[PDB]
Novice: 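Quick one: the structure is below, and I'll ask about it shortly.
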Amino acid sequence: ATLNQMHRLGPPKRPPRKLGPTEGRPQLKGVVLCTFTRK
Amino acid sequence: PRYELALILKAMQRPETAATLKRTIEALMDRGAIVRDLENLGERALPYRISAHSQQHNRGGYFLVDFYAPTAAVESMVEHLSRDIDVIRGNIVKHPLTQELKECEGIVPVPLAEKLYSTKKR
Amino acid sequence: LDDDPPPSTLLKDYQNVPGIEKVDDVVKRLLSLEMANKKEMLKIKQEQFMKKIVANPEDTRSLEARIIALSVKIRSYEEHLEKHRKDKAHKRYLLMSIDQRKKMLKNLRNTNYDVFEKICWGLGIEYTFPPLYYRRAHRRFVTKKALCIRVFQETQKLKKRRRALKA
Amino acid sequence: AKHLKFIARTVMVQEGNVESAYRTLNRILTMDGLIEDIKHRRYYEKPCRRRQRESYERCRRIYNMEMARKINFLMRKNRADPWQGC
Amino acid sequence: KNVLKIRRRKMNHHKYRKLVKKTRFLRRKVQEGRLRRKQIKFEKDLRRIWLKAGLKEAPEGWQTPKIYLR
RNA sequence: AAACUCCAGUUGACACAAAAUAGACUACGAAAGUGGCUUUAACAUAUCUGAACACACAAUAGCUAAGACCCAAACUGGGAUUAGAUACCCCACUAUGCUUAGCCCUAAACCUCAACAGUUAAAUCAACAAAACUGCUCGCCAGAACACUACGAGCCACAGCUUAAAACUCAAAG
RNA sequence: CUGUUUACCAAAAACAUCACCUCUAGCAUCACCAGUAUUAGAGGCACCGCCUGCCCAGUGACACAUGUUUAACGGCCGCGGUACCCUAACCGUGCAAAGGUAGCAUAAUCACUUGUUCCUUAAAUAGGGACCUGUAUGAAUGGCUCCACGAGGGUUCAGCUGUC
Ligand SMILES: C[NH+](C)c1cc(NC(=O)CNC(C)(C)C)c(O)c2c1C[C@H]1C[C@H]3[C@H]([NH+](C)C)C(O)=C(C(N)=O)C(=O)[C@@]3(O)C(O)=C1C2=O
Ligand SMILES: [K+]
Ligand SMILES: [K+]
Ligand SMILES: [K+]
Ligand SMILES: [K+]
Ligand SMILES: [Mg+2]
Ligand SMILES: [Mg+2]
Ligand SMILES: [Mg+2]
Ligand SMILES: [Mg+2]
Ligand SMILES: [Mg+2]
Ligand SMILES: [Mg+2]
Ligand SMILES: [Mg+2]
Ligand SMILES: [Mg+2]
Ligand SMILES: [Mg+2]
Ligand SMILES: [Mg+2]
Ligand SMILES: [Mg+2]
Ligand SMILES: [Mg+2]
Ligand SMILES: [Mg+2]
Ligand SMILES: [Mg+2]
Ligand SMILES: [Mg+2]
Ligand SMILES: [Mg+2]
Ligand SMILES: [Mg+2]
């Protein structure tokens with residue numbers, strides 16, 4: 001992009017970091033509902 | 001401006017051609033035309049059979065009308081000739097002598113075109 | 001505002017030819033606009049406007065003369081489209097000429113306001129200032145504002161009816 | 001046709017040599033393009049197809065005329081080798 | 001270039017057109033409810049205006065036109 | 001094969017359809033597009049760039065009426081082929097292609113190569129393609145796929161178009 | 001949709017109707033009409049929006065030379081088998097002029113049935129939304145949506161009350 005275009009647009013911002021299954025938590029506490037095997 | 005009426009008539013006898021030519025020249029004048037000259041190219045056989053006004057024509061008298069008229073007179077004169085049953089075919093064109101032929105310098109042979117492909121080993 | 005150029009006027013090329021007053025009556029109409037194309041009439045119209053407005057009649061490369069020449073074309077395109085309503089190519093030529101004139105007029109206005117005023121008067125051109133926001137007026141908008149204007153007018157007619165409450 | 005008959009595409013037979021007349025007729029029709037036109041006019045050739053074919057034939061004529069010009073230019077050098085042995 | 005990426009869009013589009021065809025009447029019923037909720041949402045907004053502008057009723061002679069109809 | 005047999009073949013009269021040759025030319029137009037003849041009108045801007053908050057256009061196909069009917073023709077019906085043949089082949093015929101008046105606004109709308117001003121000097125230069133580049137500006141892009149999608153919004157468009165995501169999935173895609 | 005009807009047990013969902021479409025007719029001195037196919041008659045259907053599929057064998061009309069015609073009367077398939085079951089994209093065979101298309105479907109419609117499920121009541125054989133799917137739903141005998149309207153039939157909040 002040109003300098004005028006690079007100015008008009010500004011910083012590259014950032015994709016808001018998507019949370020993980022743990023929701024950004026080191027660990028989580030759950031209650032076993034069922035136990036099975038998956039291939 | 002200057003025009004030319006390529007007028008093919010119905011290969012009639014002198015009284016009728018003179019009658020027909022006079023009609024056409026007046027109808028030009030009636031629409032504001034200044035008729036410059038009238039030429040007789042002669043009665044030839046038609047290059048092909050022309051069917052006009054419920055008749056099959058094989059011969060016809062060729063005439064030319066050199067005239068000046070206002071640009072609006074062309075459509076009116078074109079329509080007028082449509083209804084004359086003694087005209088086999090009539091076309092109005094810009095006069096060919098109005099255009100000045102530009103001086104030509106000569107045929108210049110075309111050199112083979114170059115640098116169409118990169119000079120890399122394929 | 002509807003002054004039509006006389007049709008008998010001689011061509012711009014044969015106007016100055018000396019001694020033309022002694023030619024035959026036929027020759028006069030062969031050298032007139034009657035026997036000429038529509039473009040020959042535009043040369044005369046441009047000549048008349050240029051001598052009326054432009055200070056130096058012979059200066060053709062001046063911003064003023066260009067606006068005159070461009071205004072005669074705009075006139076010629078508008079008449080062409082009056083008969084040929086679906087000539088989209090000439091419709092495009094008109095809208096581009098008009099924008100190029102506004103562009104010439106914006107420059108002249110900002111450089112020589114003196115002659116800018118002379119042009120706008122002689123050619124009947126009314127310079128308008130371009131709108132700021134070119135926004136589409138769809139229904140939802142065209143109704144919102146129409147209401148919001150009526151609401152404002154109603155609130156206006158409640159201060160009138162509250163200064164009469166101070167009484 | 002409104003034209004006169006027995007004028008166009010007409011060849012006279014000499015000494016009853018029909019084979020030679022029909023041959024010259026074929027040449028005339030081919031040399032003017034008629035034969036190839038009739039064959040291409042059997043089925044409609046769409047404008048995209050016509051342009052692809054005309055471009056191909058015109059690229060072909062150039063190449064063919066340039067190769068023919070190089071063959072004719074080098075034909076002189078097909079003579080016997082003058083330095084045979086070295 | 002191959003057309004492997006065109007062929008993906010080709011099938012996507014084909015399936016979508018067939019899907020719209022199969023459900024064009026279900027989709028029409030849903031679209032009618034949407035334009036209906038859309039007109040309500042429009043009126044609320046216009047209503048909100050004059051209520052915020054102190055007026056207790058719509059301006060005299062005002063009717064909210066049905067802009068989201070055919 | 002079915003089909004036609006009010007059909008074929010010479011000859012004559014006869015378009016509101018489409019425009020051999022020229023064209024081995026490379027012109028016009030902003031692009032779309034434009035190649036039978038005639039006439040009228042007519043092809044913006046005496047710096048450049050620039051509107052996805054605007055305007056005017058935009059092949060083909062479609063839609064709304066009103067006409068035209070030679071041919072070509074989706075659909076459809078027969079004949080054939082086939083394991084089937086909702087195709088490819090044959091015949092027939094329609095929407096449609098044409099005109100007029102409005103819509104619709106999409107293309108591999110691609111020469112996938114922006115406008116303007118310049119340079120062949122260097123180190124040309126990943127591959128291939130249509131050799132490598134400079135200045136300047138605008139417009140666009142930032143793994144794949146979900147997705148020419150959903151929601152929202154606008155639109156004469158109601159199976160439409162334009163804008164256009166996310167979740168789950170993958171370690172590749174290209 | 002306003003309208004219309006069984007004067008005296010039915011006012012209605014019945015009829016008409018704007019609209020759409022089919023049929024017939026090239027013409028004057030008494031209807032049509034002192035009109036002339038953008039007309040005028042005979043009918044269907046029912047504004048509008050989205051549509052109106054397939055069938056000309058039969059019966060009628062028209063052509064009566066092979067035929068044409070469904071917005072004419074009408075019609076619009078079976079028998080076996082195959083993914084646990086259900087169903088069959090699929091397979092076999094037969095039959096027809098065509099094999100019921102698009103839609104729509106627990107109801108002005110109803111075997112089972114007061115289906116099932118979601119709402120609704122404390123309680124629903126009611127009503128609404130869906131799903132199942134049609135003894136025998138279905139496209140101008142119009143099909144399906146929708147604004148407005150109705151002394152029409154039905155359901156209902158709140159209130160109201162001697163209806164109780
Ligand atoms: C006694 N049978 C013959 C019958 C009767 C009626 N109704 C009457 O008889 C009503 N009689 C009155 C008019 C009240 C006097 C019926 O209404 C029915 C049926 C048949 C069934 C068949 C059902 C069946 N399944 C789902 C159990 C089935 O497979 C079909 C089918 N088409 O193959 C059905 O459609 C079926 O569900 C059905 O609809 C039936 C009836 O409707
Ligand atoms: K009543
Ligand atoms: K019920
Ligand atoms: K229920
Ligand atoms: K009533
Ligand atoms: Mg009674
Ligand atoms: Mg009464
Ligand atoms: Mg009684
Ligand atoms: Mg009563
Ligand atoms: Mg009724
Ligand atoms: Mg209707
Ligand atoms: Mg029907
Ligand atoms: Mg069905
Ligand atoms: Mg229900
Ligand atoms: Mg029953
Ligand atoms: Mg049943
Ligand atoms: Mg039935
Ligand atoms: Mg019927
Ligand atoms: Mg109403
Ligand atoms: Mg009433
Ligand atoms: Mg009611
Ligand atoms: Mg109560």
Side-chain angles (χ1 to χ4, degrees), chain A residues 1-5 8 12 18, chain B residues 1 3 6 49 51 54 56 70-75 77-78 90-94 110 115-120 122, chain C residues 37-39 60-63 65-66 69-70 73-74 76-77 79-81 83-84 86-101 103-104 130-141, chain D residues 2 5 32-34 36-38 40-41 43-44 47-48 54 57-58 61-62 65, chain E residues 1-6 8-10 12-13 15-25 27-29 31-32 34-36 38 66 69-70:
Chain A
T2 68
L3 291 171
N4 296 269
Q5 295 181 335
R8 184 191 61 251
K18 190 204 313 183
Chain B
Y3 299 106
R49 196 183 326 114
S51 183
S54 180
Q56 322 299 325
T71 58
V74 183
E75 266 182 2
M77 186 62 194
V78 163
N91 293 280
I92 301 169
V93 296
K94 288 288 300 308
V110 184
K115 294 179 297 184
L116 296 182
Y117 301 96
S118 52
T119 63
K120 67 177 183 181
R122 293 174 173 84
Chain C
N37 298 318
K38 176 66 178 296
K39 280 160 69 88
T60 64
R61 293 186 64 256
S62 58
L63 192 51
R66 294 161 51 191
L70 189 52
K73 276 188 182 57
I74 293 166
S76 75
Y77 298 151
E79 291 165 355
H80 175 97
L81 291 169
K83 294 178 195 309
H84 306 96
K86 295 192 174 167
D87 190 300
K88 302 306 183 61
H90 285 80
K91 188 174 196 315
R92 166 171 177 273
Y93 288 133
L94 179 59
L95 294 169
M96 286 194 309
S97 304
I98 286 170
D99 283 356
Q100 294 309 313
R101 195 168 58 179
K103 191 178 173 285
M104 292 175 188
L132 307 183
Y133 295 85
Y134 304 88
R135 290 186 294 263
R136 68 172 187 298
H138 56 80
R139 298 191 184 90
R140 180 165 43 83
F141 181 53
Chain D
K2 296 301 179 63
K5 295 179 175 56
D32 283 347
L34 272 71
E36 205 66 6
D37 202 313
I38 295 158
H40 285 134
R41 282 185 177 281
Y43 305 95
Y44 186 68
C48 61
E54 287 177 349
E57 292 170 344
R58 289 184 301 201
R61 186 184 300 101
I62 290 171
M65 288 185 66
Chain E
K1 187 181 47 158
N2 58 55
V3 297
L4 279 169
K5 278 177 288 195
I6 293 181
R8 193 179 297 102
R9 300 183 68 199
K10 185 175 164 58
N12 283 1
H13 195 66
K15 281 179 174 168
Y16 180 64
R17 288 315 200 100
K18 282 184 65 174
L19 174 66
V20 170
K21 169 166 196 195
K22 292 295 181 302
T23 65
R24 81 163 170 285
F25 289 89
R27 294 164 54 99
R28 180 181 285 168
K29 294 180 59 178
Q31 179 64 9
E32 289 182 325
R34 285 191 154 106
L35 289 179
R36 189 190 323 177
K38 208 180 175 182
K66 303 288 180 179
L69 261 60
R70 304 183 67 101

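The analysis underlying the following values was restricted to heavy atoms, covering all of them including side chains, and did not include hydrogens, waters or symmetry mates. Residue numbers begin at 1 in each chain, while the letters A, B, ... track the order of the sequences.
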Novice: Just name whichever nucleotide pairs with G:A42, Watson-Crick or G-U, keeping both distances under 3.5 Å, else none.
Specialist: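 Checking every strand shown, G:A42 finds its partner in G:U22, with both distances under 3.5 Å.
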Novice: Write down the partner of G:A83 under the Watson-Crick or G-U wobble criteria, each distance required to be under 3.5 Å.
Specialist: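 By the stated definition (distances under 3.5 Å), nothing pairs with G:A83.
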Novice: If we check the six-membered rings of G:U68 and its strand neighbour G:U69, are the centres under 5.5 Å apart with planes under 30°?
Specialist: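 Yes, the six-membered rings of G:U68 and G:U69 stack, since their centres lie under 5.5 Å apart and their planes differ by under 30°.
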Novice: Choose from F:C53, F:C138, F:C14 the nucleotide whose nearest atom is closest to any side-chain atom of B:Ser51.
Specialist: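 Selected nucleotide (nearest to the side chain): F:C14.
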Novice: Expressed as a whole number of angstroms, how long is the span from A:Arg8:CZ to F:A52:P?
Specialist: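 That distance rounds to 13 Å.
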Novice: Can you list the residues that meet the salt bridge (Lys or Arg N to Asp or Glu O under 4.0 Å) rule with D:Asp32, with sequence neighbours excluded?
Specialist: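 Listed in chain order: nothing, the list is empty.
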Novice: Which one is paired to G:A102, where only Watson-Crick or G-U wobble pairs with both distances under 3.5 angstrom count?
Specialist: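 Per the H-bond distance test, none.
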Novice: Identify, between E:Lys22 and E:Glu32, the residue whose nearest nucleotide on RNA chain G lies closer to the 5' end.
Specialist: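 Upstream on the strand: E:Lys22.
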Novice: Of all residues at least two apart in sequence or in a different chain, which pass the salt bridge (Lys or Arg N to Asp or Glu O under 4.0 Å) check with E:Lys38?
Specialist: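 With sequence neighbours excluded, E:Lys38 shows a salt bridge (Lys or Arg N to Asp or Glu O under 4.0 Å) to no residue whatsoever.
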Novice: Return the CG to OH distance between C:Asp87 and C:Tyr93, rounded to the nearest 0.5 Å.
Specialist: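 Answer for the CG-OH pair, C:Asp87 versus C:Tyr93, is 9.5 Å.
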Novice: Verify the neighbour count for atom NZ of E:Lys10: are there more than 12 heavy atoms of other residues, nucleotides or ligands below 6.0 Å?
Specialist: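 Not more than 12 within 6.0 Å, no.
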Novice: Within this structure, what is the CZ-to-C1' distance between B:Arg49 and F:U11, rounded to whole angstrom?
Specialist: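 Going from CZ in B:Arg49 over to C1' in F:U11 covers 10 Å.
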Novice: Which listed nucleotide (F:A44, F:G139, F:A24) is nearest to the side chain of D:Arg61?
Specialist: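 Ranking F:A44, F:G139, F:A24 by closest atom to the D:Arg61 side chain puts F:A24 first.
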Novice: What string of B, S and - do you get for nucleotides 87-113 of chain F, 5' to 3', when a contact is any protein heavy atom under 4.0 Å?
Specialist: --------------SS-----B---B-
Novice: When both hydrogen-bonding distances must be under 3.5 Å and the geometry is Watson-Crick or G-U wobble, what is G:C56 paired with, if anything?
Specialist: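 Checking every strand shown, G:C56 finds no partner, since no pair has both distances under 3.5 Å.
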Novice: Can you tell me how far CG of E:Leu69 sits from CZ of C:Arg139, rounded to the nearest 0.5 angstrom?
Specialist: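 The CZ atom of C:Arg139 sits 10.5 Å away from the CG atom of E:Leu69.
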Novice: What integer distance in Å separates C:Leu94:CG from F:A30:P?
Specialist: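 From C:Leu94 CG to F:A30 P: 15 Å.
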Novice: Using a cut-off of 4.0 Å on non-hydrogen atoms, how would the nucleic acid contact of C:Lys73 be classed: base, sugar-phosphate, or nothing?
Specialist: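 Counting heavy atoms under 4.0 Å across all strands, the contact made by C:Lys73 is with sugar-phosphate only.
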Novice: So what's G:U116 paired with, Watson-Crick or G-U wobble, going by both distances under 3.5 Å?
Specialist: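 Base partner found: G:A130.
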Novice: What pairs with C:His84 under ring-ring contact (aromatic ring centres under 6.0 Å, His included), at least two apart in sequence or on another chain?
Specialist: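 In terms of ring-ring contact (aromatic ring centres under 6.0 Å, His included), with neighbours along the sequence ignored, C:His84 is linked to C:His80.
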Novice: To the nearest angstrom, how far is E:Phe25 atom CZ from G:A105 atom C1'?
Specialist: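 After rounding, the gap between these two atoms is 15 Å.
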Novice: In whole Å, I'd like the distance from the CD atom of C:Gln100 to the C1' atom of F:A46.
Specialist: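 Those two atoms, CD and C1', are 12 Å apart.
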Novice: Which residues pass the salt bridge (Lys or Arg N to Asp or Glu O under 4.0 Å) test with D:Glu57, sequence neighbours left out?
Specialist: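 D:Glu57 satisfies salt bridge (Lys or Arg N to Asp or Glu O under 4.0 Å) with D:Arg53 only.
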Novice: Which nucleotide, in any strand shown, forms a Watson-Crick or G-U wobble pair with G:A108, with both distances under 3.5 Å?
Specialist: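 By the stated definition (distances under 3.5 Å), nothing pairs with G:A108.
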Novice: Determine whether E:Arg27 and E:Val20 satisfy the following criterion, side-chain contact (heavy atoms from CB on, under 4.5 Å), listing intermediate values before the conclusion.
Specialist: CA-CA 8 Å; E:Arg27 294 164 54 99; E:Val20 170; 3.8 Å; yes
Novice: Expressed in angstrom and rounded to an integer, what is the separation of B:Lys120 atom NZ from F:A127 atom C1'?
Specialist: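 In whole Å, F:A127 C1' and B:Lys120 NZ are 8 Å from each other.
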Novice: So for G:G100, where does the sugar sit by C1'-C2'-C3'-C4', north or south?
Specialist: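 G:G100 falls in the south pucker range.
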Novice: Once each nucleotide of nucleotides 68-76 of chain F is scored for protein heavy atoms under 4.0 Å, what B/S/- sequence comes out, 5' to 3'?
Specialist: ---------
Novice: What is the sugar pucker of G:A124, north (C3'-endo side) or south (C2'-endo side), as given by the torsion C1'-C2'-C3'-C4'?
Specialist: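 South pucker for G:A124.
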Novice: North (positive) or south (negative) by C1'-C2'-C3'-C4': which describes F:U120?
Specialist: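 The sugar ring of F:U120 falls in the south range (negative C1'-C2'-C3'-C4' torsion).
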Novice: Nearest to the side chain of D:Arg41 - F:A44, F:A56, F:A20?
Specialist: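 So the side chain of D:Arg41 is nearest to F:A20.
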Novice: Rounded to whole Å, how long is the line connecting atom CD of D:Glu57 with atom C1' of F:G23?
Specialist: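 That distance rounds to 12 Å.
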Novice: With 3.5 Å as the limit, what N/O pairs link the protein to nucleotides 127-131 of chain G?
Specialist:
unit_1 : atom_1 : unit_2  : atom_2 : d
G:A130 : OP1    : E:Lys29 : NZ     : 3.3

Novice: Taking 4.0 Å as the cut-off, does a side-chain nitrogen or oxygen of C:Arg61 come that near to OP1 or OP2 on F:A46?
Specialist: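 No, no such contact exists.
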Novice: Paired with G:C160 by Watson-Crick or G-U wobble geometry, both distances under 3.5 Å: which nucleotide is it?
Specialist: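 Check on G:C160: unpaired, no WC or wobble geometry under 3.5 Å.
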Novice: Based on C1'-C2'-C3'-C4', put the sugar of G:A71 on the north side (positive) or the south side (negative).
Specialist: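 On the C2'-endo side: south.
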Novice: Taking only the side-chain nitrogens and oxygens of A:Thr2, find out if one of them lies under 4.0 Å from OP1 or OP2 of F:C138.
Specialist: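 It does, given that an N or O in the side chain of A:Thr2 lies less than 4.0 Å from OP1 or OP2 of F:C138.
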Novice: Between G:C104, F:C138, F:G12, spot the one nearest the side chain of A:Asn4, thanks.
Specialist: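 Among G:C104, F:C138, F:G12, the one nearest the side chain of A:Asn4 is F:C138.
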Novice: By the 4.0 Å heavy-atom rule, please label D:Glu54 as base, sugar-phosphate, or nothing.
Specialist: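 Since no nucleic acid heavy atom lies under 4.0 Å of D:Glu54, the category is nothing.
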Novice: With the cut-offs of 5.5 Å between six-membered ring centres and 30° between planes, do F:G50 and F:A51 count as stacked?
Specialist: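 Ring centres or planes out of range, so no.
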Novice: A:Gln5 CD to F:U49 P: how many Å, rounded?
Specialist: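 Whole-Å distance recorded here is 16 Å.
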Novice: Looking at C:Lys103, does any N or O in its side chain come under 4.0 Å of the phosphate oxygens OP1/OP2 on F:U45?
Specialist: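 No, C:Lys103 has no side-chain N/O under 4.0 Å of OP1/OP2 on F:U45.
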Novice: Base contacts versus sugar-phosphate-only contacts with protein, heavy atoms under 4.0 Å: please encode nucleotides 152-174 of chain F as B, S and - from 5' to 3'.
Specialist: SSSSS-BBSS-----SS-----S
Novice: My understanding is that only residues two or more places apart in sequence, or in another chain, count here; which of them pass salt bridge (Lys or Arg N to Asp or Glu O under 4.0 Å) with E:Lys66?
Specialist: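 With sequence neighbours excluded, E:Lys66 shows a salt bridge (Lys or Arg N to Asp or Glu O under 4.0 Å) to E:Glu43, given in chain and number order.
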Novice: Across all strands shown, which nucleotide pairs with G:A37 by Watson-Crick or G-U wobble geometry, both distances under 3.5 Å?
Specialist: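 Pair assignment: G:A37 / none.
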Novice: Does G:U52 have its sugar in the north or the south range once you look at the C1'-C2'-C3'-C4' torsion?
Specialist: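 Since its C1'-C2'-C3'-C4' torsion is positive, the sugar of G:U52 is on the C3'-endo, or north, side.
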Novice: Could you list the residues that satisfy ring-ring contact (aromatic ring centres under 6.0 Å, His included) with B:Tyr3, not counting sequence neighbours?
Specialist: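 So B:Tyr3 forms a ring-ring contact (aromatic ring centres under 6.0 Å, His included) with B:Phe67.
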Novice: To the side chain of C:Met96, which of F:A131, F:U47, F:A44 is closest?
Specialist: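 Of the options given, the side chain of C:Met96 lies nearest F:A44.
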Novice: Can G:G100 and G:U101, neighbours in the strand, be said to stack by the measure of ring centres under 5.5 Å and ring planes under 30 degrees?
Specialist: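 Stacking test on this dinucleotide step: no.
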Novice: Less than 4.0 angstrom between a side-chain N/O of B:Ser118 and OP1 or OP2 of F:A131, yes or no?
Specialist: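 Yes, within the criterion.
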Novice: Kindly label the base of G:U6 as syn or anti, based on whether its glycosidic torsion lies within 90° of 0.
Specialist: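 G:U6: syn.
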Novice: With respect to the phosphate group of F:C57, does any side-chain polar atom (N or O) of C:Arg92 fall under 4.0 Å of OP1 or OP2?
Specialist: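 Result: no.
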Novice: Taking the side chain of C:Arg66 as heavy atoms from C-beta outward, which of F:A54, F:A13, F:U47 is closest to it?
Specialist: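 Of all the options, the side chain of C:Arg66 is nearest to F:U47.
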Novice: Is the distance between the six-membered ring centres of G:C30 and G:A31 below 5.5 Å, and is the angle between those ring planes below 30 degrees?
Specialist: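 The answer, once centre distance and plane angle are checked, is that they do not stack.
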Novice: Taking Watson-Crick and G-U wobble pairs with both distances under 3.5 Å, convert RNA chain F into its dot-bracket string, 5' to 3', dots for unpaired and | for cross-strand pairs.
Specialist: ........................(.((....)))..........................((((((...(....((((.........))))....)))))))..........(.(((.(..........).))).).....((.......((((....)))).....))....
Novice: Summarise protein proximity over nucleotides 33-42 of chain F in one line of letters, 5' to 3': B for base, S for sugar-phosphate only, - for none, counting protein heavy atoms closer than 4.0 Å.
Specialist: -----SSSBS
Novice: Report whether the bases of the adjacent nucleotides F:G143 and F:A142 stack, using ring-centre distance under 5.5 Å and plane angle under 30°.
Specialist: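 No, six-membered rings of the two bases do not stack.
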Novice: Under 4.0 Å, heavy atoms only, any strand: does C:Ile74 hit a base, just the sugar-phosphate, or nothing?
Specialist: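 If one applies the 4.0 Å heavy-atom cut-off, C:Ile74 turns out to touch nothing in the nucleic acid.
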